[PDB]
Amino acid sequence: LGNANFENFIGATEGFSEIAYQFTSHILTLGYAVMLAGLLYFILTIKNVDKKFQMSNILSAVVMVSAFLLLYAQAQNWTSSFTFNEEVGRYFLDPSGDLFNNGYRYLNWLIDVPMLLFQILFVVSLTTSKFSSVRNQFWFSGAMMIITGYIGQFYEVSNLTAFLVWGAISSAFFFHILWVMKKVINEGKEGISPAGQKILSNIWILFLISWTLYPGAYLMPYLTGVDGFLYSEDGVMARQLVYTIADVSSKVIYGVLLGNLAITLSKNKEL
């Protein structure tokens, strides 16, 4: 019953404190709420950039749609999966619920990772690289990263070595994506205004950090060891919190910066 994931495992054994249960619930709600807000932002501001850049706004909006819907479903899956026991005063896994399921989040990643990588190619111009090459490489490596991570995700309770080995494999595809993105951003800096170069530098830093947060949260409950402080409901809170910080940063803030970058490259900005 507490076999699928670390959330259920904890939920089925120690249970969650009211703080943990409520905090995790609140943070997941904030997550999907921000997505909805972002959806409207990206719809409303689309006329602020030239036609040639609008595919980036379009991909942002779509990412917002998928992340709102799936994070909303994730938020409900958390709350409905754990119920309060008066005798002990903690929340436990509910046999009559459907149990906490990582599926919503990983599906969201599968859908969104290729669009996010894709959309910067409609703002920035490449230099010595082919569009189709960059695109195909993002999409393959991106697909493999989530797939492999999702494989590892099944063994987090039952086989911690499979969990890490697969996560390592996933980290290999991630490293490759970083490497392509580096080339993309540096080629995109050439020729453009220093104001656009500056925004591109910010996008690199945002991208590097916010995406590295995901394997951070994947590893979170074991960052202190087998009997460590994080190997608890605290690890769940931290993991869920980091995932949410990452989602907002990699989707909404990334989208906003690309929007601002697009405006810098506008037709009437040219002499």
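Numbering starts at 1 and runs along the sequence shown. Rigid core: the largest C-alpha set superposing within 1.5 Å between the two forms.
Checklist entry - Which of these two stretches, 8-16 or 246-254, has the larger RMS Cα offset in 6 other deposited structures of this protein when the rigid core is kept aligned? => result Of 8-16 and 246-254, the stretch deviating more in 6 other deposited structures of this protein is 8-16.
Item to check | Stretch with greater C-alpha deviation in 6 other deposited structures of this protein, 205-213 versus 223-231 (rigid core superposition) | outcome: Greater root mean square C-alpha distance in 6 other deposited structures of this protein: 223-231.
Item to check | Mean C-alpha B-factor comparison - 88-96 and 196-204, higher one | outcome: That would be 88-96.
Checklist entry - If you average the Cα B factors in the entry, which is higher, 229-237 or 60-68? => result Per the deposited B-factors, the answer is 229-237.
Checklist entry - Per the PDB entry, which option out of 134, 185, 160, 117 has the greatest Cα B factor? => result Checking the PDB record, the top C-alpha B-factor among 134, 185, 160, 117 is at 160.
Item to check | residue 34, C-alpha B-factor rank within chain (lowest, middle or highest third) | outcome: According to the entry, residue 34 has a C-alpha B-factor in the chain's lowest third.
Checklist entry - How does residue 178 rank on Cα B-factor within its chain, lowest, middle or highest third? => result As the PDB entry reports it, the C-alpha B-factor of residue 178 lands in the middle third of its chain.
Next on the checklist: Please say which third, lowest, middle or highest, residue 190 falls into when its CA temperature factor is compared across its chain.
Outcome noted: It belongs to the middle third of the chain when residues are ordered by C-alpha B-factor.
Next on the checklist: Among the modelled residues of this chain, does the Cα B factor of residue 217 put it in the lowest, middle or highest third?
Outcome noted: For residue 217, the deposited C-alpha B-factor lands in the middle third.
Checklist entry - Relative to the other modelled residues in the chain, which third contains the C-alpha temperature factor of residue 223: lowest, middle or highest? => result Tercile = highest for this residue's CA B-factor.
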